[PDB]
Every structure is written in structure tokens, then in C-alpha cells.
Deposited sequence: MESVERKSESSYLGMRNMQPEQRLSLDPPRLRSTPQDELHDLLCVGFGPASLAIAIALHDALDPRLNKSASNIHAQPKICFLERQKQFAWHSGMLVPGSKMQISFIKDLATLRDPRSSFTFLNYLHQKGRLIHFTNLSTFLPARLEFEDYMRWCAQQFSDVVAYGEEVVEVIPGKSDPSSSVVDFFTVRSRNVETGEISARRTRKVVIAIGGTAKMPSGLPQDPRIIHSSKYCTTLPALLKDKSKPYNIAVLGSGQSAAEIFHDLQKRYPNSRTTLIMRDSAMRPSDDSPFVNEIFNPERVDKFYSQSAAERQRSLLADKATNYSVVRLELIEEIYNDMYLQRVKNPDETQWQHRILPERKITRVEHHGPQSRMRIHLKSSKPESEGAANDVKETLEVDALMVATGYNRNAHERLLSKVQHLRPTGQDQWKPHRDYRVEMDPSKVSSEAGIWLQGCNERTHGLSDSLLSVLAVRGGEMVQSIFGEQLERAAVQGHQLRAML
């Protein structure tokens, strides 16, 4: 039962902004809900809901700028887009492998962590089966309220305006229910200035080979940060730029291992979202901060040991640490950046991150400083008045539905948020952890009435 197209001029049941892992999980869960074989009920639905997905990328891609060669998953394959909701689903990773004639070969690796490339292709293979309801090259620029009865004081739909990435004109689609699943934006430090030589990690594979077109040149590249991205870049820079001198700049004293130990990893359990959301604001803030080592500013141990083993080989050859080709500079901060000099190389000034150190001259600076999740704020400007009086923060309910004033907004209308709700739903929110079950829940939250007609 493939999801059939809805003409743009028609009132949709659902419009999802973005078609990343989060949205794909919702589409996969809708497919399954409407599948009469996974749901006995689904036989008596017949009428397919009017759903549309808008993605600003040309096709499906999963962090293309960070697809570093050899890079692995930070999560078991069992936490794919379907399995935890229903292992029977056609969209499980194992069934993807089987459909590729590769399942037996994978088994022989004996790994729960597939290559980031392979997993992208898995999520690519899922994405293609919804190409009839996904409009690519469409960047959403704002969501606007609407009224079936213009004279009334009740909002019952939303107009969603999207700029065409190629042609540039704005098209508009009307829906009763809206989902924003747009992921993170590159978070840059404020002290750093704008320069084509200062590049965020998210754009590593895509915009750096353009700048340093010669993989043979003896460049000077620097990497800011101490999380998974910084490590992956720093480690790759050795391989991709064999004659270049690399420098790792971090305010912390060392890269710290990500926590995946079985007892800690319980916070990521799909069922724990209920128990997390139940907790008081002070207890959520206490939990995220305590469990930070599972997600943020941390590196997979095997890569920490790998980076270290390389560093040790440099010692075997040269006892003088200052003479190494690849160097780590712990407890440092960037204070001054000279990027107006005639040469190719900027001049980075460094100080101790503890309460003047060296100076570096670099052709490029990879800034692996993480992501912000406040992008939806810009999209929901025109809909802010629909919240209760006083609300400057969007408040998402358990089912991820933003709180709105019930006297201003019809119950058939509403906006959902997906990816940013870490403060309320837990650390598993921004990741792949619960997407399968979250997708299942979302389909029920949004199409509950419709699916109950057959149930």
C-alpha cells in the first residue's frame, strides 16, 4: 500500500518539514499502520490520509559532510527505523540487507555498529519508497495560521511556505497538522570570524576538498573540539592529507570516552521517555548533565585508542613532541584569529582554557563545535500568538504536540516538534534511539481518529 500523492492545492492531513531520520520513521510507521498484514484493522481503512514531506536536499542524504571514510554507527542496528516498534516491519535494517542479498555477509562481521555509509544507504532504501509523498529541493521558510472561516477567531489549518532551492520561488501547501523535524544547525563559537577557511565539521567532506584541492600539499589544518566529530576529522586528516600538519585544539584536557555501558544506556530505552517526561524540570536538568558522557563531547573508545596509538608511534620516531606531524593541544582556547594576511594561512592565537600560549598558522580550520536545535523558532514566528498568553518558550506535550490556546486553535489542528525536545523527552530525543517507537506514537497521535474508524 504505497503512499499516493496529494496535489499541493489540497488540504493535507499532515505536512512534515524535513525528511531526515525522524520523518522517515513517521512515514515508515504510517505505512505499517496502514498495512493490513501488520495491522488487522488496516483492511477497513481504504482511504489513505493526505500526507506530504518537504526536504531541502536534492535527494535523501544522512550527514553527507560528515561521511568520513571508515566512520561507524554510535548505535546498535536493532535501534533502526522499524525493529523496536515491530521486527516484522519491511523497513528493518536486517530486511534491508536481505533485500540487497547481503544479510549473510553482514552476520560474518559480528558487529552491532554498521558503517555510517551503509546505514545511510539503508535509510536511503527506506526513503525511496516514499518518493511519491516527498517533495525534494523544497526548503520551508515559514508556517502560517489559517481560518476556514476567515471572519471567525479560530485557526483550523496552517499554510506552509517553501522556497525552491533551485528555481527560488515560494510555493504554499495547506495542512491541518504540521511536523517540524529539521535536526540541528551548525553551532559556531562567537569569537571566531567569517572566513571560507573556517569550516564547521558538518561541511567537512563537502566544502574542504574545494578549498584544499591538492591532497599532496604540505598544508596546516587545525581542528577545534573534543567530541566525536573532532576526533573523526582529526583522524581522517592524517589519511586524506598525508603530508599535512594537523593540530587538535580543545579546551578540555583530553578526549573522553562515550558511555554505552548497559546500565547507563537505559535512559535511551523507548519506554523511559514516559518516565523522563514525568520528572520535574530540576530532575531533568540533573539527569541530562549527569548522563552527558553518553552523547555530548565524547568519542568512541576505539577511536580514542586509535588516535593515541598513532600519537605513540610519533613518540617512537621523535621524542620531541613539538616536532610531530600530528599534534594535540589540550586545555587551549582560540583568542585572536588573524585572517586578513596576504598568505594562504590564517594566524590563530591560543591561550590556556584554565583561569599567552602558542601561535598557529593554518590553511584551514575545522570547527567541530556541535549543533543548535532552535531552528524551528524562526519557522514558527507567525504562529507564536497561538500559544497561551505569556509563553515565549514552545511547550511540547508528551506526544510532542506544541501547547496552543484551545480557544484560538481547533483540536483538528496542531504542530508537532521532533528532534529539539531533549529538555523534555530526554537524551534519546535527538538521536536514532527511539525513532521506531516515536514514529509509531506519532502516527497514533496524528491519525488517531482516522485509524480508529477501522479499529
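Let me make sure I understand the coverage. Which parts of the deposited sequence, in order from the N-terminal end, have no C-alpha coordinates here?
No C-alpha coordinates exist for 1-28, 384-391, 492-501.
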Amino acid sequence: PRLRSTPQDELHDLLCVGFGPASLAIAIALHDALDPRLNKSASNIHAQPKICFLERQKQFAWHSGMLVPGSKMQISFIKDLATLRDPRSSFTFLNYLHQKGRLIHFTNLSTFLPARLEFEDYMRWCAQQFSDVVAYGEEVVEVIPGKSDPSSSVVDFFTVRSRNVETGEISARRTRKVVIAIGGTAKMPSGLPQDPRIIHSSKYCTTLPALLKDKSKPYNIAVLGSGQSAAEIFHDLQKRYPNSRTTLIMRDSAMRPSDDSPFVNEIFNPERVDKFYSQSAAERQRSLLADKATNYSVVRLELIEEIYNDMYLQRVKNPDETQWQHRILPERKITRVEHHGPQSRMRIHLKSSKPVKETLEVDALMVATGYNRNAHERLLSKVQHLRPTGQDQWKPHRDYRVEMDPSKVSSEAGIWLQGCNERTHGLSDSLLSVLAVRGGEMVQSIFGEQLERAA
From here on, numbers count along this sequence of modelled residues.
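Rigid core here is just the name for the largest C-alpha set that superposes within 1.5 Å across the two forms.
Between 338-346 and 370-378, pick out the one whose C-alpha positions differ more from the shown form in 6 other deposited structures of this protein, using the rigid core for superposition.
If we average over structures and residues in 6 other deposited structures of this protein, the farther stretch is 338-346.
Does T424, which is modelled here, drop out in at least a third of the other compared PDB entries?
Modelled in all the others, so no.
Of the other PDB entries for this protein whose models extend past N39 on both sides, does at least a third leave it without coordinates?
Counting only entries that model residues on both sides, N39 is resolved in every one of them.
For the stretches 322-330 and 276-284, which has the higher mean C-alpha B-factor as given in the deposited record?
Taking the mean C-alpha B-factor of 322-330 and of 276-284, the larger value falls to 276-284.
Look up the CA B-factors in the entry and say which stretch, 383-391 or 38-46, has the higher mean.
Of 383-391 and 38-46, the stretch with the higher C-alpha B-factor average is 38-46.
By the entry's C-alpha temperature factors, tell me which of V367, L113, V356, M250 sits highest.
Within the set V367, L113, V356, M250, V356 shows the top C-alpha B-factor.
Highest Cα B-factor in the deposition, which of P87, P257, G341, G227?
The listed residue with the largest C-alpha B-factor is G341.
Place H235 in the lowest, middle or highest third of its chain's C-alpha B-factors, as listed in the PDB entry.
CA B-factor rank for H235: lowest third.
Ranking the modelled residues of this chain by C-alpha B-factor as given in the entry, is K177 in the lowest, middle or highest third?
Tercile = lowest for this residue's CA B-factor.
Lowest, middle or highest third: where is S201 by C-alpha B factor in its chain?
For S201, the deposited C-alpha B-factor lands in the lowest third.
Would the CA B-factor of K187 place it in the lowest, middle or highest third of its chain?
Its C-alpha B-factor, which the entry lists for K187, ranks in the middle third among residues of this chain.
Please say which third, lowest, middle or highest, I26 falls into when its CA temperature factor is compared across its chain.
It belongs to the lowest third of the chain when residues are ordered by C-alpha B-factor.
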